[PDB]
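Coming up is one lone chain in structure tokens, specifically the form deposited in one PDB entry.
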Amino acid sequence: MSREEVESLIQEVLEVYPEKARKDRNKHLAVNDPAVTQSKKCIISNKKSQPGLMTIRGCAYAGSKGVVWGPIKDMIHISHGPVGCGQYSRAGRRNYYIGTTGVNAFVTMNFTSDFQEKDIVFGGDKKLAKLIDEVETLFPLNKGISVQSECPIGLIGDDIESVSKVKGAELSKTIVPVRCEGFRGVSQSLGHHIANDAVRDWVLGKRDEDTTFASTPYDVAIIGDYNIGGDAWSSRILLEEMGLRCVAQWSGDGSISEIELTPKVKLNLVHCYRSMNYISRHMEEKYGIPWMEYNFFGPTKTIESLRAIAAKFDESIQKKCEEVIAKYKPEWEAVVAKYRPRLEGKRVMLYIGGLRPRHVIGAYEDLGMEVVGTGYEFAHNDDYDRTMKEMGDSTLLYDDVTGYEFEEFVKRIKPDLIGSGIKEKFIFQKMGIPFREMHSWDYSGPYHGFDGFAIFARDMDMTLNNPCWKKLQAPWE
């Protein structure tokens, strides 16, 4: 489709909205121009969702508890407020970890203050203090507590910071108050920011005066990899094969100690810029730690990232990087040989949260597939600045797409495959368009690194070429 055709399709979809909603949504849909560098000139992001339009966005609590804080395995995270938020977010994100759950690790558990009416009316600070005592009694091996505020906490005037200070001083424990109430901001993005600020204020500076950690010139921290299906581990093995020492993982399989050790590293390798750029910038200005964005999606991006990282160190690391690339070349070349013929030319439309809609394009292109539409739930304009160059000309870009908008776009574009979340999946499966979950990796993965590329290729082939997609029309219809 030509650019004028995409513009016409956008206008045709927009015509069903009332004038206010239509005028707002017009600014969030665009036809990509890869030469344009400032995405503000073409698209608008990080704005409030239109009421009643079936948005896909989550809340600040999902961004903070569900994304940033929850994966930290040796801490206990309290969903402070009514029972719902913690229950719907329990073990729904595949941030993998190694531990003994309920003893020294607590990721898949749901700790909550389970607010009742009396807690709403008279406040829940005393309940929070009692809860902290009970946590200490029943989970003695926890290495810290976080208090993720749900919506009512900030509306009833509860002071979780004072409670955190008092109980943390009394118990000699790190207790992190997080004001991630769901009504704050417009999406999970402010949740990321609030959680990063909480990390900076309550955890990151703990060992500023401690100089007992033996550092090496090859000390790096993986920031913003949440180990979905083991993604971070699949990344880590490459970096460690390159001669680097990965001191910290943020926050997939993360421990509070490696967060505290992060200010001692020599380089911060940020995968998800959107969720952790705040803490990376703070670490650069406070400790002088440089940070760089990298991409381990597909062999091409992985090789480029490995070389770009190795160039930050001495020649020995570069030689080891070349060795790693040579070692893995036959494996991913075999994966490409097997799966690219089955996938060459297939067209993909993507809609994911903050990073992957631009990050997975290279992996798709390594298999001979073209990304014709992409969009973000909650990315900022700087994320879209990084997406124009990575997407094809006259391709569709959509910010905080409504369910109606995305359905109409898919009906008129007819991609061979859609990558989005669980809320879109069965909609587009009903229409007979192959769908892959791009959040949970459809309970598969990892997809990062060379090891992840084989799984990714197998998954894309098995879904796009499944016999079921040829059977949606009855032979008598």
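Numbers follow the displayed sequence, beginning with 1. Superpose the two forms; the largest set of C-alphas matching within 1.5 Å is the rigid core.
The protein also exists as the form deposited in another entry; that form is not presented, and the subsequent description refers to it.
Peer 1: Does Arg436 count as moved between this form and the one not shown, where moved means a C-alpha shift of 2 angstroms or more after fitting the rigid core?
Peer 2: Yes, the C-alpha position differs by at least 2 Å between this form and the one not shown.
Peer 1: Closer or farther: the C-alpha atoms of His439 and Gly86 in the other entry, versus the form shown, with a change of 3 angstroms or more?
Peer 2: Compared with the form shown here, the C-alpha atoms of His439 and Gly86 sit farther apart in the other entry, by 3 Å or more.
Peer 1: Compare the CA separation of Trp441 and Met460 in the other entry with the one in the displayed structure, and answer closer or farther (the difference is at least 3 Å).
Peer 2: Farther apart, which means the C-alphas of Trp441 and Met460 are at least 3 Å more distant in the other entry.
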